[PDB]
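Colleague: Just dropping this structure here.
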Ligand SMILES: [Zn+2]
Ligand SMILES: [Zn+2]
Ligand SMILES: [Zn+2]
Ligand SMILES: [Zn+2]
Ligand SMILES: [Zn+2]
Ligand SMILES: [Zn+2]
């Protein structure tokens, strides 16, 4: 899909990878972020869950898919 | 975002790239496909447009983002 470009996580998920949903930070239900981005951000109180994904890419750093308050340390804007 | 995995176009768009919207094939308004995928498929009668994108990735081959009838020749399922 179309997205922001620049300062985004590129991470891509294979047949047996792990990601995180966060209902608090997502723009829509299929957004997700990779394990390092989830752990290097703050989703303490958030309505998150582990996903066992067969594909896609991390949305961290992309404000058209994820709230900037939920970006991790390494993907400012 | 989460997607299908396998037999998808990987293509990623930079600061001054071109993509195509196709309202007939898309699942939602921000889906898009790259120039080679659009040209190697059949969107003749379709409600398509050229996009001058600053980021994102091609959705061709990913049935969670694009209708399979709009996949190109090289991205069957
Ligand atoms: Zn990431
Ligand atoms: Zn990140
Ligand atoms: Zn969150
Ligand atoms: Zn493509
Ligand atoms: Zn294609
Ligand atoms: Zn089309």
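Each row is one residue, and each column tells you yes or no for (1) in contact with a strand residue (DSSP E or B) (Cβ under 8 Å, 6 or more places away or on another chain); (2) in a loop (DSSP other than H, G, I, E, B).
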residue: B:28; (1), (2): no, yes
residue: B:31; (1), (2): yes, yes
residue: B:36; (1), (2): no, no
residue: B:43; (1), (2): yes, yes
residue: B:46; (1), (2): yes, yes
residue: B:49; (1), (2): yes, no
residue: B:53; (1), (2): yes, yes
residue: B:59; (1), (2): yes, yes
residue: B:63; (1), (2): no, yes
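Colleague: Let me ask something else. When you go through (1) more than 14 Å from chain B (Cβ to nearest Cβ); (2) free of Cβ contacts under 8 Å to residues at least 12 places away in the same chain one by one for residue A:29, which number turns out not to apply?
Modeller: Exception for residue A:29: condition (1).
Colleague: Consider only pairs whose beta carbons are under 6 Å apart and that are at least six residues apart or on different chains; among these, list those whose first residue lies in region A:32-43 and is free of Cβ contacts under 8 Å to residues at least 40 places away in the same chain and whose second residue is part of a loop (DSSP other than H, G, I, E, B) and surrounded by fewer than 24 Cβ atoms within 10 Å (Cβ to Cβ).
Modeller: A:34/A:11; A:35/A:18; A:37/A:9; A:37/A:72; A:40/A:72; A:40/A:73; A:41/A:72
Colleague: Among the residues of region A:34-45, is there at least one that is closer than 22 Å to residue B:29 by Cα and either away from chain B (no Cβ under 12 Å) or within 13 Å of ligand 2 (Cβ to nearest atom) (or both)?
Modeller: Keep residues of region A:34-45 that are closer than 22 Å to residue B:29 by Cα, which gives none.
The answer is no; no qualifying residue exists.
Colleague: Kindly establish whether residue B:4 is part of a loop (DSSP other than H, G, I, E, B), surrounded by fewer than 18 Cβ atoms within 10 Å (Cβ to Cβ) and within 12 Å of another protein chain (Cβ to nearest Cβ).
Modeller: Yes: the conditions hold for residue B:4.
Colleague: Filter region B:7-24 down to residues that are facing chain A (nearest Cβ under 8 Å), in contact (Cβ under 8 Å) with a residue 40 or more places away in the chain and buried (at least 20 other Cβ atoms within 10 Å of the Cβ) and give me whichever is farthest from the chain's Cα centre (by Cα).
Modeller: My answer is B:13.
Colleague: Ok, one more. Restricting to region B:25-76, and then to whatever is in contact with a helix residue (DSSP H, G or I) (Cβ under 7 Å, 6 or more places away or on another chain) and more than 15 Å from residue A:3 (Cβ to Cβ), can you tell me which residue is surrounded by the fewest Cβ atoms within 10 Å (Cβ to Cβ)?
Modeller: Just the residues of region B:25-76 that are in contact with a helix residue (DSSP H, G or I) (Cβ under 7 Å, 6 or more places away or on another chain), to begin with: B:25, B:41, B:43, B:58, B:60, B:72, B:75.
Filter again for more than 15 Å from residue A:3 (Cβ to Cβ), leaving B:25, B:41, B:43, B:60, B:72, B:75.
Values: B:25: 25, B:41: 22, B:43: 16, B:60: 28, B:72: 21, B:75: 20.
Per the stated criteria, the residue is B:43.
Colleague: Another question, if that's okay. Consider region B:44-77. How many of its residues are away from ligand 1 (no atom under 16 Å from the Cβ) and under 23 Å from residue B:14 (Cβ atoms)? Lay out the reasoning, then the answer.
Modeller: Our first condition is that a residue be away from ligand 1 (no atom under 16 Å from the Cβ); within region B:44-77, this holds for B:44-54, B:58-77.
If we keep only those that are under 23 Å from residue B:14 (Cβ atoms) too, we end up with B:48-54, B:58-62, B:65-66, B:72, B:74-75.
Looking only at that region, the number is 17.
No lab work stands behind these numbers, since they all come straight from the coordinates. With ideal geometry, Cβ positions are generated from the backbone for all residues, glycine too; neighbour counts draw on all protein chains shown.
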